[PDB]
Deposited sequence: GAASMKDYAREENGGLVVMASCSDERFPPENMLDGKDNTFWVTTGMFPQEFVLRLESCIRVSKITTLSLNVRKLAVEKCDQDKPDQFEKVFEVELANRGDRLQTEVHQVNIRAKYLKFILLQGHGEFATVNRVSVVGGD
């Protein structure tokens, strides 16, 4: 039904492993894929997404550059204590990259780990998490 990572919908990054104030986490949640969060060296890096509430998630979608391997985990607790794996995936080398994932999980938190990149640095341009 709805994309709760959106931001006008409560989306919020709480736990990013690197930041440049020019390309901050919040860029991932503005619907506009010409803006991005950038990693600033070495892998892995990761960030934690909080949804306005715990929702049944049906489809996770990431838009990126230079990411080689991507891992996602969930936590349906109110505090992000224990995360559980959802999926891990290897990305062709590309030029922006879309990774759509039909899923059936319950989550309040989503951790995205960029386990490795195709170069030194990598961006994440959009995170979309749809459910209700």
Deposited sequence positions missing from the model - stretches, numbered from 1, in order: 1-4, 99-100, 139
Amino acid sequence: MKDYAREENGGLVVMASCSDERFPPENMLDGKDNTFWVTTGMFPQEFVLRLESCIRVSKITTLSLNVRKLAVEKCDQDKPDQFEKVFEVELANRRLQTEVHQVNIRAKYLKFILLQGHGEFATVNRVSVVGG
From here on, numbers count along this sequence of modelled residues.
Taking only the CA atoms, which stretch has the higher mean B-factor in the record, 67-75 or 80-88? 80-88
Ranked by mean Cα B-factor in the entry, 54-62 and 37-45, top stretch is 54-62
Could you look up the Cα B-factor of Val100 in the entry and say which third of the chain it sits in: lowest, middle or highest? highest
Going by what the PDB entry lists, where does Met15 fall on CA B-factor within its chain: lowest, middle or highest third? highest
